[PDB]
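To find a chain, count down the sequence lines: A is the first, B the second, and so on, and within it residues start at 1. Read the numbers this way: they start at 1 and go in the same order the structure lists the ligands and their atoms.
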Number of protein chains: 4
Amino acid sequence: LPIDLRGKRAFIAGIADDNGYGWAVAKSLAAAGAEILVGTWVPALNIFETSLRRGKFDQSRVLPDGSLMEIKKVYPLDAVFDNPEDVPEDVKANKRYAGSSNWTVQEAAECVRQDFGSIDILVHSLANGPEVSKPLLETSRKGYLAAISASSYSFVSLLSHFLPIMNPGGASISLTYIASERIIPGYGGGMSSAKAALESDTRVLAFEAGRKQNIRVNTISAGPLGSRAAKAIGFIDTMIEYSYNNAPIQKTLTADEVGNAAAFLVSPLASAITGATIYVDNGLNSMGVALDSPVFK
Amino acid sequence: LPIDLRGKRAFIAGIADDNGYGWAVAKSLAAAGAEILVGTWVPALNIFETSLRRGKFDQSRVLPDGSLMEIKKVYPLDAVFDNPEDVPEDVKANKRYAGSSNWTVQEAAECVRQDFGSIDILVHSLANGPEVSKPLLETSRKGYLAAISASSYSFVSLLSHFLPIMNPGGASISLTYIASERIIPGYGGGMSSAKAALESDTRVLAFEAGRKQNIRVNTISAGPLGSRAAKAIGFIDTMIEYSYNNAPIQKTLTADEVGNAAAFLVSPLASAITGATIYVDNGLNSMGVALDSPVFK
Amino acid sequence: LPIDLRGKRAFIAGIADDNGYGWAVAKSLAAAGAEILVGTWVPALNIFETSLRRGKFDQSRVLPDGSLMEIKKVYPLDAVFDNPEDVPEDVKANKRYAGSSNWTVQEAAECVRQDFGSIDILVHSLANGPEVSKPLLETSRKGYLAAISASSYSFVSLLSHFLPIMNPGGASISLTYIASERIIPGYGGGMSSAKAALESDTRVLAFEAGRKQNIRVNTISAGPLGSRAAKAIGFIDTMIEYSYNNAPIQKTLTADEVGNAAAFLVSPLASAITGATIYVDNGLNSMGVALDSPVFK
Amino acid sequence: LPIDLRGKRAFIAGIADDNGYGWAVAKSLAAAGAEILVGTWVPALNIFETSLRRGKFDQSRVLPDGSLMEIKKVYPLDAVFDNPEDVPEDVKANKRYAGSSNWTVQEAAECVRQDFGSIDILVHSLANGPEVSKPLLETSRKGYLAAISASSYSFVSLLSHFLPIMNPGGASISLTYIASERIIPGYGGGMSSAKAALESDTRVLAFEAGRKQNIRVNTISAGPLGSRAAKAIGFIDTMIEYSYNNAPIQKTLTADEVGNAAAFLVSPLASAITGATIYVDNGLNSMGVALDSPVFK
Ligand SMILES: NC(=O)c1ccc[n+]([C@@H]2O[C@H](COP(=O)([O-])OP(=O)(O)OC[C@H]3O[C@@H](n4cnc5c(N)ncnc54)[C@H](O)[C@@H]3O)[C@@H](O)[C@H]2O)c1
Ligand SMILES: NC(=O)c1ccc[n+]([C@@H]2O[C@H](COP(=O)([O-])OP(=O)(O)OC[C@H]3O[C@@H](n4cnc5c(N)ncnc54)[C@H](O)[C@@H]3O)[C@@H](O)[C@H]2O)c1
Ligand SMILES: NC(=O)c1ccc[n+]([C@@H]2O[C@H](COP(=O)([O-])OP(=O)(O)OC[C@H]3O[C@@H](n4cnc5c(N)ncnc54)[C@H](O)[C@@H]3O)[C@@H](O)[C@H]2O)c1
Ligand SMILES: NC(=O)c1ccc[n+]([C@@H]2O[C@H](COP(=O)([O-])OP(=O)(O)OC[C@H]3O[C@@H](n4cnc5c(N)ncnc54)[C@H](O)[C@@H]3O)[C@@H](O)[C@H]2O)c1
């Protein structure tokens, strides 16, 4: 009873290294036999392809079977720009953006088409929020819109641009965070807002794309990725700790854990699931209180 | 813009003293001019009516206007028994149950009818759970069913028995607790389960009774009632503390607070609200983490 | 048991006429004795103040007591612009925007301050979405961002700009729609998304502002406003019909209905409610199926 | 990337034939290599084992690999009775119950232990509700309690009785229905209530058992199982039709579909998922309106 993505190909948007959720899903899709195409942020591209050439990610490419993951092709990409006319002359003039081409959503999509003709899976693992450090109360309109644009609308833009080249019976999947439904102080600059929009769109799109092309649309609401810090300082480190303490099952969360769920979800096994927000967070979201609250001892 | 329940009468099930949510709603309904009828648990009846005669609740009956609340009539009542044939000879033989009569749901309802002919508001403020101290894992089938019977089904039984005598455009309201949707360790013996059922039934009944008699059906999901203990020991004391610390608005919760919401809800002002779970818990339910978790300092 | 907003003042953002939810809440706040300040979209301002001068809204200003609603002051306002430096020379050059002044969020707020010094209630009744007619799949990035900006971020901008002048123990309230949580085909152009963000922000802000200034933050998730069309054509007309048929309580929805809930919510009676999404939609949101589905007869 | 339950054994409670969800999950678990133990209702036992002997289920036992499913052992079982002292002399005297032995939850569990020593997976596929045809308004207290007992508490009883013999890192899974969260007229007699309780308990137990033995606890909220009737008459037939029409993805639902999700969930791949209600209903739960409502054409 395997997850079989043999003869299927995925496009994974949001891979810059071996340390995020994105890398993890790729691994999983690859373990299940899918053909892997990557979309890399174009400021990040170089270092990415360079370390990959050099073998830097070799240990991070080991599959269960022991073989090594293959990335059939790396595509540069800035998901805040749909078409080329949209780019600010000042962006197209930046060294980084100067070094590559065909990096708009519309362009990436045209390439894939020209290169492979089709796809079966779409993975969104993107996000970005300039003022993510500030509270809403202190978030600028521009910093807020930026988070929404890169973190929400990007999914919409990708889905619509790739849809014409998705074989029906295909699936897409995106990564969300519970700061959409509940107050998680620290996750500011409109990221929370952006995660809320993403989720809702997940539903709508499941309708739009389900009816339109028989495509499944789902999002996975993950936990803080990683193991404990010797000194939990900063937001993520903190959440990791908090979650380790307060969750129904006491353990840490691994990328592998999120990737397997993803692979499952984009797989045929999951033919009856769409417009879902799946929690893969060690059951944290379900708790009413924190176990570690000082009142309880 | 007043809440006007002048010329309306409420039946409040679950009043044994001046210290619970039930007393609070009565006060509120009474401030708004409703005619107050009480249903008192029949083990509790005596002490109740006795202290009330004696003036023991006088300070607790003060209305805003300064006058004193009036209870038009106290009806004894055991909401685990619908009809008289249902009572175990061993219950009917107990001193307490021996002292009163017409205490089944079916009987109480017949009385009211014979005494007043009609009602407009129905308040459920009942609950009871023998093994509420044990974890589900350790809850007996009998202790579990008991919680459901007294805490869930009782609402269903009251609604159905009173419905024929409720003027259309009337409303009912019940008290719930968030341990239905989220894990709140400590609230065991099937109370959690019982609160879950109640809520769902709230919805269904809103459908059944809305369509049947133009009756609104809602539940209020409250916080731990009361102010701080010098030594928070025990479940409630603990929750009060926890909530005071961790809530979006830092303050305590008062019965008045729950009563006003109730009065509002059963009032005509609320003509577009039904099949709702209203949170009156200082916004606790909305939080993702506890502020007091030691990881955060 | 009245809703008393005597000696309180509200600022209502999003009044252009007597036909929306906004007008309704004002009425309600006014019935409860609050002092009414309006923020009018500045393209709409003129016609507004003109018809109001002329008596056009006289029948729509009748309060329950029989008297007539008073608007202490109308302030022009475009909630997509925070500070004056933000305005495009091409907007400031448009006849309409040319006729008025002090219309940025930052400016409106400064005025109020200079005119009244303070406020107690904040009402957001704003929304706008250029491509609201298109499906997400066909919504432009710009049309999507526009909906979010005018429909989501505007609340954030108002709250933050007015906060310094809100007496603690005050409240704000905004209008939402269930297309945030569930698929409602027809409500496109990112409005759905925008309603999702608003809700989430409602929660966060309740935290930010609750802790910061003892301000309550809530949103009301309303139904389609209005009575039946002889020919339900178009989105709203359709929803009205659908809701009339399928709701747990069969009736239409009136603005009065939404206004009363609002008044209640911003009132002191509601001191224990924050980070809530209150449904005032005749219980529609709670249903699992449509009664009118042809399968059921 | 397989779902590997090689060297694992499951106990499936609620198998009486090849036509329910229960049969389906067994198949799935079996495809993934788990060792299958069945708990059969003891009125149903005989016909079950008889047709199975005879080959009646042969076509229904075909695995993907082509081989045939094996049931290592069938255990009789009535999940409304925990211990033998609990049985009414009038039940133990009924032909059916007379023919078998060790059929209480406590007894079944002792047997398994004595026969296999341990288990890894626990599947609950049980339900039963005498007055399921009546509306709550017309449901008896006894008919209501019966639904809860057989449909809710049974899970609690099984979990607790099997827990001592579950290898840590194991999982349990139960089948729920959306009539718990939303009004689905027709699903009466307290089934709705019972499904609500089950879900909540799913959460709590995930806490209790997660912390206690490192066991994952989840429930799957399924759609109406089956394909279209030529004449949709009756509740299920109706729901199937309705769902086919109104769902985001237009298709029917197959048992296979629910089984695969289950297998996944009880599998190690799912190590970060617990206290979840997974929807496997073709995305129906996410919709706001019915597409087939006559208002929309
Ligand atoms: N990391 C966590 O603990 C956690 C928890 C919940 C959800 N998530 C979500 O997971 C996703 C990513 O996972 P992660 O945080 O592990 O990885 P990450 O931090 O690498 O994710 C951001 C990625 O997006 C890329 N990116 C940013 N802006 C871009 C733009 N304009 N165009 C194209 N690419 C751009 C970055 O280069 C990077 O690859 C996001 O959706 C994030 O919200 C993460
Ligand atoms: N107290 C809290 O902090 C809190 C929080 C959330 C919800 N609630 C709910 O509020 C309601 C009651 O409020 P409370 O706890 O303040 O008051 P309470 O403790 O007085 O409530 C129980 C009441 O039910 C009566 N009662 C018990 N069994 C009965 C039976 N078989 N027949 C008739 N009457 C019976 C008791 O005598 C008593 O009046 C319950 O629904 C409870 O779950 C309370
Ligand atoms: N009308 C309904 O059936 C319904 C249902 C649910 C929610 N709502 C919500 O109610 C609110 C408004 O109610 P309504 O639709 O009855 O009234 P409406 O249509 O008058 O609301 C829009 C208002 O915002 C103003 N406006 C638009 N863009 C603006 C900008 N940039 N700056 C300042 N003002 C601007 C308009 O002039 C108008 O007063 C919105 O939040 C809407 O989503 C309405
Ligand atoms: N069938 C559907 O469309 C659907 C939709 C959602 C959820 N479900 C749920 O799936 C589960 C079962 O699936 P199904 O309906 O396909 O199969 P089913 O109808 O065979 O389920 C009931 C099973 O429980 C057994 N049973 C009843 N009372 C018992 C008792 N006291 N002791 C022991 N066993 C007893 C029956 O013999 C039978 O095997 C239930 O949880 C049901 O609510 C089904």
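- Proximity of atom 43 (O) of ligand 3 to the protein is indicated by at least one non-hydrogen atom lying closer than 4.0 angstrom.
- Looking at atom 11 (C) of ligand 1, its nearest protein heavy atom turns out to be A:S125 O, 3.5 Å.
- Between the side chain of D:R141 and the main chain of B:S157, no donor-acceptor pair closer than 3.5 Å is present.
- Contacts between A:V42 and ligand 1, counted as non-hydrogen atom pairs separated by less than 4.0 Å, are absent for every part of the residue.
- Only backbone heavy atoms of B:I15 (N, CA, C or O) come within less than 4.0 Å of ligand 2; its side chain stays farther off.
- Any N or O atom pair closer than 3.5 Å counts here, and B:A44 shares no such pair with ligand 2.
- Between A:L284 and A:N282 the shortest side-chain heavy-atom distance does not fall below 4.5 Å.
- Counting heavy atoms under 4.0 Å from ligand 2, residue B:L77 touches it through the backbone alone.
- The ring pair (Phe, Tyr, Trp, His ring centres under 6.0 Å) test with C:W103 singles out one residue from C:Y97, C:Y75, C:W41, and that residue is C:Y97.
- Shown here, atom 18 (P) of ligand 2 is out of close reach of the protein: none of its heavy atoms lies under 4.0 Å off.
- Ring geometry for A:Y177 against A:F235 counts as perpendicular: the plane angle is over 60°, on a 0 to 90° scale with 30° as the lower cut.
- At the shortest separation from atom 5 (C) of ligand 2 among protein heavy atoms lies B:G223 O, 3.4 Å.
- C:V123 is not listed as a side-chain neighbour of C:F11, based on a closest heavy-atom distance of 4.5 Å or more.
- Residues that satisfy the side-chain hydrogen bond (donor to acceptor under 3.5 Å, both in side chains) test with A:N128, not counting sequence neighbours, are absent from this structure.
- Looking at C:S174 and C:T202, their side chains come closer than 4.5 Å, going by heavy atoms from C-beta outward.
- Between A:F81 and A:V91, some side-chain heavy-atom pair lies under the 4.5 Å cut-off.
- The shortest N or O to N or O distance between B:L225 and ligand 2 is under 3.5 Å.
- In terms of protein heavy atoms, atom 31 (N) of ligand 3 is closest to C:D78 OD1, 2.8 Å.
- The proximity of B:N128 to ligand 2, defined as any non-hydrogen pair under 4.0 Å, is limited to the side chain.
- Judged by distance alone, the side chain of B:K195 and the main-chain N or O of B:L175 form a donor-acceptor pair under 3.5 Å.
- Using a 4.5 Å heavy-atom cutoff, the side chains of C:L126 and C:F155 are not in contact.
- Scanning the protein for heavy atoms near atom 30 (C) of ligand 1, the closest one is A:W41 NE1, 3.2 Å.
- Judged by distance alone, the side chain of B:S152 and the main-chain N or O of B:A194 form a donor-acceptor pair under 3.5 Å.
- Looking at C:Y21, C:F155, C:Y177 and measuring to atom 16 (O) of ligand 3, the nearest heavy atom belongs to C:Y21.
- Close contacts of ligand 3 with C:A16, meaning ligand atoms under 4.0 Å from a residue heavy atom, involve 37 (O), 39 (O).
- For atom 22 (C) of ligand 3, the nearest non-hydrogen atom from the set C:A108, C:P43, C:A127 comes from C:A127.
- When C:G129, C:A79, C:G20 are ranked by how near their heavy atoms come to atom 32 (N) of ligand 3, first place goes to C:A79.
- For atom 20 (O) of ligand 3, the nearest non-hydrogen atom from the set C:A255, C:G22, C:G14 belongs to C:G14.
- Residue contact check: C:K195 has heavy atoms under 4.0 Å from atoms 9 (C), 40 (C), 41 (O), 42 (C), 43 (O) of ligand 3.
- Annotation: salt bridge (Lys or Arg N to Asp or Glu O under 4.0 Å) contacts of A:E199 (sequence neighbours excluded): none.
- Contact annotation: the side chain of A:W23 approaches that of A:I15 to within less than 4.5 Å [non-hydrogen atoms, C-beta and beyond].
- Taking a 4.0 Å cut-off on heavy atoms, C:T176 registers as neighbouring ligand 3.
- Taking only nitrogen or oxygen atoms, main chain and side chain alike, B:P224 does not reach within less than 3.5 Å of ligand 2.
- The protein non-hydrogen atom at the shortest distance from atom 9 (C) of ligand 3 is C:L175 CB, 3.6 Å.
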